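A.B. asks:
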Amino acid sequence: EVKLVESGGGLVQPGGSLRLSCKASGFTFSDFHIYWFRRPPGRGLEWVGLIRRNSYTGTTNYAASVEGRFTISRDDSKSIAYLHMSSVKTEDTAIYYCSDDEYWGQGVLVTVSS
Amino acid sequence: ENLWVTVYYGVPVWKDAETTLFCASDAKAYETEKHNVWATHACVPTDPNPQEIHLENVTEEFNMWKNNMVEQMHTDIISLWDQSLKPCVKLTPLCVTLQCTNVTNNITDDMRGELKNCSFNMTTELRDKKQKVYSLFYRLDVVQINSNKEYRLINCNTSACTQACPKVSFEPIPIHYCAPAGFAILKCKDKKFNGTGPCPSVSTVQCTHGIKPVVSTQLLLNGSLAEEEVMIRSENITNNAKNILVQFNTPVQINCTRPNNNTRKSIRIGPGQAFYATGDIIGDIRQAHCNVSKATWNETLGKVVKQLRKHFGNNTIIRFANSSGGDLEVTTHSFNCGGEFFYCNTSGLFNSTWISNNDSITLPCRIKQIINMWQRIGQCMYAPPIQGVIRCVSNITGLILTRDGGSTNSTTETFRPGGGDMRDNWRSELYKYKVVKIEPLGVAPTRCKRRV
Amino acid sequence: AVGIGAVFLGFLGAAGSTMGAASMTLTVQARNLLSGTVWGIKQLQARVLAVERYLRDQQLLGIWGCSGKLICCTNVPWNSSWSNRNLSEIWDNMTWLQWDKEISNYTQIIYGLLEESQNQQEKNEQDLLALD
Amino acid sequence: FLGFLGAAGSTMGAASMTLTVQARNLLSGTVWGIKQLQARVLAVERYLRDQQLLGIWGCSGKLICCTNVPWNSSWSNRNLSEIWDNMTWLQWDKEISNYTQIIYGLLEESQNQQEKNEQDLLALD
Amino acid sequence: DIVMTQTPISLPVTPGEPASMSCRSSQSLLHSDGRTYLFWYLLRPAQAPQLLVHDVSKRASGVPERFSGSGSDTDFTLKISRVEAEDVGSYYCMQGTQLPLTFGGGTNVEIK
Ligand SMILES: *[C@@H]1O[C@H](CO)[C@@H](O)[C@H](O)[C@H]1NC(C)=O
Ligand SMILES: *[C@@H]1O[C@H](CO)[C@@H](O)[C@H](O)[C@H]1NC(C)=O
Ligand SMILES: *[C@@H]1O[C@H](CO)[C@@H](O)[C@H](O)[C@H]1NC(C)=O
Ligand SMILES: *[C@@H]1O[C@H](CO)[C@@H](O)[C@H](O)[C@H]1NC(C)=O
Ligand SMILES: *[C@@H]1O[C@H](CO)[C@@H](O)[C@H](O)[C@H]1NC(C)=O
Ligand SMILES: *[C@@H]1O[C@H](CO)[C@@H](O)[C@H](O)[C@H]1NC(C)=O
Ligand SMILES: *[C@@H]1O[C@H](CO)[C@@H](O)[C@H](O)[C@H]1NC(C)=O
Ligand SMILES: *[C@@H]1O[C@H](CO)[C@@H](O)[C@H](O)[C@H]1NC(C)=O
Ligand SMILES: *[C@@H]1O[C@H](CO)[C@@H](O)[C@H](O)[C@H]1NC(C)=O
Ligand SMILES: *[C@@H]1O[C@H](CO)[C@@H](O)[C@H](O)[C@H]1NC(C)=O
Ligand SMILES: *[C@@H]1O[C@H](CO)[C@@H](O)[C@H](O)[C@H]1NC(C)=O
Ligand SMILES: *[C@@H]1O[C@H](CO)[C@@H](O)[C@H](O)[C@H]1NC(C)=O
Ligand SMILES: *[C@@H]1O[C@H](CO)[C@@H](O)[C@H](O)[C@H]1NC(C)=O
Ligand SMILES: *[C@@H]1O[C@H](CO)[C@@H](O)[C@H](O)[C@H]1NC(C)=O
Ligand SMILES: *[C@@H]1O[C@H](CO)[C@@H](O)[C@H](O)[C@H]1NC(C)=O
Ligand SMILES: *[C@@H]1O[C@H](CO)[C@@H](O)[C@H](O)[C@H]1NC(C)=O
Ligand SMILES: *[C@@H]1O[C@H](CO)[C@@H](O)[C@H](O)[C@H]1NC(C)=O
Ligand SMILES: *[C@@H]1O[C@H](CO)[C@@H](O)[C@H](O)[C@H]1NC(C)=O
Ligand SMILES: *[C@@H]1O[C@H](CO)[C@@H](O)[C@H](O)[C@H]1NC(C)=O
Ligand SMILES: *[C@@H]1O[C@H](CO)[C@@H](O)[C@H](O)[C@H]1NC(C)=O
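Chains as they are written, first to last, in the entry's author numbering: chain H, 1 to 114; chain B, 32 to 141, 150 to 185, 196 to 318, 321 to 330, 330A, 331 to 407, 420 to 514; chain E, 512 to 547, 569 to 664; chain D, 519 to 547, 569 to 664; chain L, 1 to 112.
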């Protein structure tokens, strides 16, 4: 059974920092790419970021709206993905999902306010 | 440390090489009934999706003046022109004595003596009989062999050349060039590229863009525009014996017409062979011309002089003159408009001297029918007449200039139009492309040992 | 877990990466070496020349000990007179294009008698099999 | 250096050490416009057929390959002593030439076809 | 980028009648390795997302013999045969043949 759990959400100031963490179990974490998505309230799903497996150059690709501000890193020891968000604006309020192209996570709510 | 030799197959390493490139045609050319000169059935059409992969942290050196990619295109264009003049009529029985008189029905003084009315004896489908026919000829096609005087065609002492097939057309169509297996094409994505020099933005493409084989002299028509400013590219800017290639950023609309309407008359000269002569012009006889806007030409000539001072000095005087001399194909702007070959006088376009600190220009044109192309001797072609009134609209997207020379560089420099070899018309399109050869085998030190 | 085609570095897409990262994308450049009167012979000649040139590398891989393999390691020693460098400045701070111009005039010695040591491994192996 | 076909008159013990020289010389690179275009294709096809035949056996990429077929069909009627030291490769083909079609089929059925089947049924477990 | 258009926006479906939606793309979704990358995602309220159909017309994990899709290129449809009460939510179509990964508009399905 594949289970994905997101954690680390909350409320942050407009220009603070936060660190979400996905977690995987039941399979080999080093043999799959990791994708990140989000759902703004009232709109459809959107793409956030992307990181490849460690045997396929381990590079990253980010969306245009989150270029430079958002960074994704992996950790093959703890099997925990990491999303680093900083200098956020007021439009970055959504529920962020951790997925492996087949199985998604429950998601966690991130809300920015003054 | 303990280090051994480890081989790798498939490394991304390339070196410069030369190869043979094949075509890529569009779906419009896949459905053709009037077969073009550059038609299909010789080389494959393309796919609707280009494949462009951007290469990062890659710097490559380009050189547009020593590119083999523009010398194969010339051979392919010449080879596709000789392959369309075979199935139709060879005009060998036209080398007879012509009895020509002037025509003055409704002419206007310059078309005073441009057209000639000639009568001659021609063979028919039966070898025992002959027919007496007549046709209208231009003054540039007939010479005198010594008012009913005796004339002859201008080619009767060099060769007897084939008529143009009356079903084909001379309209250019785009052609894409693709790379074979084991090779690659590198495209420079820099916006201020000048030919020779390193290019810091290199991407890999599968096939090139559509390059229309437009044949012209002293002006580049229906080309590709620049993106930021005008571009002056030369192999050696100090040597005056090398042409200067100017590229525009905004097009100048040229628009020409042939005013008088002709009638095509068919004459049978043998079994299954026909000769298309000229009949009678309905109306008045008046000259053909080209028209360029007087205000738009000023804007696109005050920008060339601005960037021509960055190589010769900020306090020099730049002067434009007309062509010096030669044959009719290099001193005049020659092009094709609907099947008739024009030779226009571009002498009012370059009539300006620039100091350091609803109007049109009418260019008189002349039309010819016996033409020699690509500077070849002994192979002409007779273009049959076109019925009706001809009008075409084109864009001017560059010039081919040539500096005169002389001392006193800081005082005055004169630029006059150039032309000649057609390899400079297609060097202005294939200037960002380069062909390389992939070498996939290499060795490197690694701590891996055999006997596992 | 079903596959997305957007995560695919294309042909020569790792040409600017380091040597330790461009070594995991060998298949992309490996598969492109074998793809597909006048003006009907030159293309055939080019295809024939492309077929017989790919075979000359597979025959060169036939000798040595690397047959049907893209990453293959041998037991030929490396002296410091070829490239006196560490493993942290070749595989992490150098490109495959920059390495093929440094070790470029030292490759004929490597490609030759030093790596054709399989002749000392095929006669050292049939003798062992002829002893029971 | 002996060069191409250098050990043609040498004995079998001295000619088996220079197989690499003749291995690489089997693949090298309108009158005279179609002669080469038809010669090179035949040269490639002759090499590919031999490399496929050597490889539908158990010998894929080795210059010297010894198998487990008994010496029954090929009647040499001579012991190893006076073969590898008193005979050349040209004289060998004169003796065993009739038995080179019933020994090329014992290498494809009695070997690497049966042999490849118990291995498929032993990595099963 | 490549935009996705989903028609319709709200589709009222009777509990036990056939239903059909659509999704269109501005460019061809064919990839160099001879695959077409289309994903149909079911977004039930207050529940994890589910992958119904991947690769245009191939059934994914789960999907108890009800959902099926079809399409050649630039025009795809999803078909539901025996609609039950649990098939309430939003449906999205996502490409995977070219970065960036762009989702669809949306199609809300409610019991009428
Ligand atoms: C040309 O000469 C012929 C006589 O051969 C005459 O019939 C015809 O009208 C003339 N045409 C013109 C335009 O002068
Ligand atoms: C055609 O031939 C006739 C007699 O053969 C001659 O009188 C006439 O002048 C010729 N016409 C020409 C040469 O144009
Ligand atoms: C082209 O640009 C390169 C580098 O930018 C320069 O070295 C070269 O002189 C230039 N050539 C001309 C004709 O401007
Ligand atoms: C000429 O330029 C105009 C832009 O002013 C463009 O719309 C037109 O397509 C051009 N004609 C060509 C390239 O034949
Ligand atoms: C360019 O021309 C100058 C003189 O016009 C000459 O001295 C020089 O060798 C030429 N070539 C260059 C600069 O590469
Ligand atoms: C010119 O002559 C042709 C005869 O073929 C006729 O069809 C056409 O209408 C004429 N032009 C005009 C403007 O009437
Ligand atoms: C050429 O034609 C266009 C439209 O057909 C017209 O606007 C333009 O004025 C013409 N050219 C000239 C120089 O008048
Ligand atoms: C436009 O060109 C004419 C031709 O010489 C010149 O007299 C005039 O000064 C020019 N006008 C401008 C604004 O450049
Ligand atoms: C030439 O002089 C003009 C004066 O406006 C100046 O803008 C330009 O930069 C100068 N070009 C040089 C010095 O190359
Ligand atoms: C160039 O212009 C001069 C005017 O001074 C004229 O005499 C000459 O014939 C012209 N030459 C060409 C080729 O147009
Ligand atoms: C072009 O015009 C000039 C002056 O208007 C004239 O001298 C010349 O003869 C004309 N023709 C050619 C071919 O230069
Ligand atoms: C150049 O312009 C002057 C004055 O506008 C005019 O007298 C002269 O004839 C022009 N030259 C040509 C070749 O038309
Ligand atoms: C180019 O170099 C940078 C170094 O910061 C690296 O991050 C990037 O991945 C390189 N480009 C490619 C295509 O690998
Ligand atoms: C290591 O091998 C190379 C092979 O070219 C040789 O030049 C060098 O002298 C050798 N170093 C030794 C044997 O110490
Ligand atoms: C390699 O690294 C060691 C320490 O890790 C250092 O002492 C040595 O100088 C390095 N080699 C070179 C050639 O710099
Ligand atoms: C390798 O040797 C050749 C000998 O011709 C020389 O040209 C080349 O510069 C050498 N390579 C380096 C990196 O010095
Ligand atoms: C060739 O024959 C002679 C005569 O028997 C013999 O002595 C010699 O060894 C032979 N050559 C070789 C290379 O064995
Ligand atoms: C083995 O040798 C005997 C002797 O004649 C022969 O009959 C038999 O066919 C041989 N076996 C094979 C497989 O050829
Ligand atoms: C082996 O071959 C030799 C010939 O050199 C022969 O004399 C001997 O009898 C053979 N041995 C057997 C057991 O056949
Ligand atoms: C093999 O067959 C051929 C053809 O029948 C025959 O001439 C030859 O003698 C046979 N081989 C032997 C060793 O008898």
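Beta carbons are placed, not taken as given, at the ideal position from N, Cα and C, and that holds for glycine.
(1) So, does the CB of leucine 101(L) fall closer than 8 Å to a CB anywhere in chain H?
(2) Taking contact to mean at least 3 C-beta pairs separated by less than 8 Å, is the stretch 202-217 of chain B in contact with the stretch 104-118 of chain B?
(3) Looking at the structure shown, is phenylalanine 29(H) part of a helix, part of a strand, or coil, going by DSSP?
(4) Does the beta-carbon of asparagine 407(B), which I'm using as the reference point, lie nearer than 7 Å to any heavy atom of ligand 8?
(5) Under 8 Å, do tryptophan 47(H) and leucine 30(L) count as touching if we go by C-beta distance?
(6) For ligand 1, enumerate in chain order all residues having a CB closer than 5 Å to any of its heavy atoms.
(7) Select from the stretch 578-592 of chain E all residues with a C-beta closer than 8 Å to any C-beta belonging to chain D, and list them in chain order.
(8) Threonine 403(B) to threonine 382(B), Cα distance in whole Å?
(9) Am I right that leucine 50(H) and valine 110(H) are in contact with their C-beta atoms under 8 Å? What's the rounded C-beta distance?
(10) Beta-carbon separation of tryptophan 614(D) and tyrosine 638(D) under 8 Å?
(11) So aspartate 55(L) contacts chain E; which residues on that side make the cut at Cβ distance below 9 Å?
(12) Using a Cβ-Cβ distance cut-off of 8 Å, determine whether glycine 594(E) contacts chain D.
(13) Which same chain residues end up closer than 7 Å to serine 61(L) when comparing Cβ atoms and leaving out the 5 residues on each side of it in sequence?
(14) Given a cut-off of 8 Å on the beta-carbon distance, is the pair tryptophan 631(E) and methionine 530(E) in contact?
(15) Quick one, which of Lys3(H), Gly15(H), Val2(H) has its alpha-carbon nearest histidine 84(H)'s?
(16) Using 8 Å as the cut-off, can you tell me whether the stretch 483-503 of chain B makes contact with the stretch 230-237 of chain B, which would need three or more C-beta pairs spanning the two stretches below that distance?
(17) Would you kindly work out how many angstroms separate the C-alpha atoms of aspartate 659(E) and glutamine 653(E), rounded to a whole number?
(18) Among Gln170(B), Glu102(B), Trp69(B), which residue has its Cα nearest to the Cα of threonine 50(B)?
(19) On a CA-only basis, which of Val505(B), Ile316(B), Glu491(B), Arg512(B) is nearest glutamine 640(E)? Give me that one, please.
(20) If you draw a straight line from the alpha carbon of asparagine 365(B) to that of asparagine 243(B), how long is it in whole angstroms?
(21) What is the C-beta distance between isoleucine 2(L) and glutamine 95(L), in whole angstroms, given that I count them as a contact (C-beta under 8 Å)?
(22) Closer than 7 Å, Cβ to Cβ, to anything on chain E: give me those residues from the stretch 32-50 of chain L, in chain order.
(23) Suppose the cutoff is 7 Å on Cβ atoms and the five residues either side in sequence are ignored; what does the same chain contact list for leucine 646(E) look like?
(24) State buried or exposed for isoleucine 452(B), treating a residue as buried only when at least 16 other CB atoms are found within 10 Å of its CB.
(25) Any beta carbon of chain E sitting closer than 8 Å to that of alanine 73(B)?
(26) For the beta strand (DSSP E) containing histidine 85(B), list its first residue and its last residue.
(27) Taking C-beta pairs closer than 7 Å, name the residues in chain D that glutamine 658(E) reaches, listed in chain order.
(28) Let's see if you can read the secondary structure: which residues bound the beta strand (DSSP E) around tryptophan 47(H)?
(29) Classify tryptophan 45(B) as helix, strand or coil using the three-state DSSP reduction.
(30) Taking the straight line between their C-alpha atoms, what separation do you get for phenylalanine 391(B) and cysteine 427(B)?
(31) When the cut-off is 8 Å and only beta carbons count, does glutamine 98(L) lie next to chain E?
(32) At least one CB of chain E closer than 8 Å to the CB of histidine 33(H): is that the case?
(33) First and last residue of the alpha helix (DSSP H) that includes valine 580(E)?
(34) Establish whether the CB of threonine 77(B) and some CB of chain E are separated by less than 8 Å.
(35) Drop a sphere of 10 angstroms on the beta-carbon of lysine 574(E), count the other beta-carbons inside from all chains shown, and report buried for 16 or more, exposed for fewer.
(36) How is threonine 639(E) classed by DSSP in three states: helix, strand or coil?
C.D. replies: This is what the structure gives:
(1) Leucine 101(L) counts as touching chain H.
(2) Output reads yes: the stretch 104-118 of chain B touches the stretch 202-217 of chain B.
(3) If DSSP states are grouped into helix, strand and coil, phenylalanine 29(H) belongs with the helices.
(4) No - ligand 8 has no heavy atom lying nearer than 7 Å to the Cβ of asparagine 407(B).
(5) Contact: no.
(6) Every residue whose Cβ sits closer than 5 Å to any heavy atom of ligand 1 is listed here in chain order: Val134(B), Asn156(B), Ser158(B), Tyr173(B).
(7) Here the close residues are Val580, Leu581, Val583, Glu584, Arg585, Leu587, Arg588, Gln591.
(8) Spanning the two alpha carbons is a distance of roughly 21 Å.
(9) Between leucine 50(H) and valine 110(H) the beta-carbon gap is near 19 Å, outside 8 Å, which marks them as no contact.
(10) Taking 8 Å as the Cβ cut-off, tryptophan 614(D) and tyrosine 638(D) qualify as a contacting pair.
(11) The contacting residues are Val513, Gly514.
(12) At least one chain D Cβ lies under 8 Å of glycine 594(E).
(13) Around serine 61(L), the same chain offers no residue with a beta carbon nearer than 7 Å, after the five sequence neighbours per side are excluded.
(14) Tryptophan 631(E) places its beta carbon less than 8 Å from that of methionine 530(E).
(15) Of the listed residues, the one whose Cα sits closest to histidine 84(H) is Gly15(H).
(16) Segments in contact, yes.
(17) Cα-Cα distance, rounded: 10 Å.
(18) It is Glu102(B).
(19) Nearest C-alpha to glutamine 640(E): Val505(B).
(20) Cα to Cα, the separation comes out at about 24 Å.
(21) Rounded, the Cβ-Cβ distance is 6 Å, consistent with contact.
(22) For the stretch 32-50 of chain L, the set of positions with a beta-carbon nearer than 7 Å to some beta-carbon of chain E reads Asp33, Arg35, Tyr37 in chain order.
(23) Residues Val608 of the same chain have their beta carbon placed closer than 7 Å to that of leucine 646(E), with the five preceding and five following residues left out of the count.
(24) Buried.
(25) So, interface residue.
(26) Looking at the DSSP string, the run of the beta strand (DSSP E) that includes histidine 85(B) is 83-86.
(27) Under the 7 Å cutoff, chain D gives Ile603, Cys605.
(28) First-last of the beta strand (DSSP E) with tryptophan 47(H): 46-51.
(29) Strand.
(30) Each residue's alpha carbon lies about 10 Å from the other.
(31) Interface residue, yes.
(32) Chain E, which has a Cβ nearer than 8 Å to the Cβ of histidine 33(H), makes this yes.
(33) Secondary structure note for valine 580(E): its alpha helix (DSSP H) is the uninterrupted segment 574-594.
(34) The C-beta of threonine 77(B) comes no closer than 8 Å to any C-beta of chain E.
(35) With fewer than 16 Cβ atoms within 10 Å of its Cβ, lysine 574(E) is classed as exposed.
(36) Residue state, collapsed to three classes: helix.
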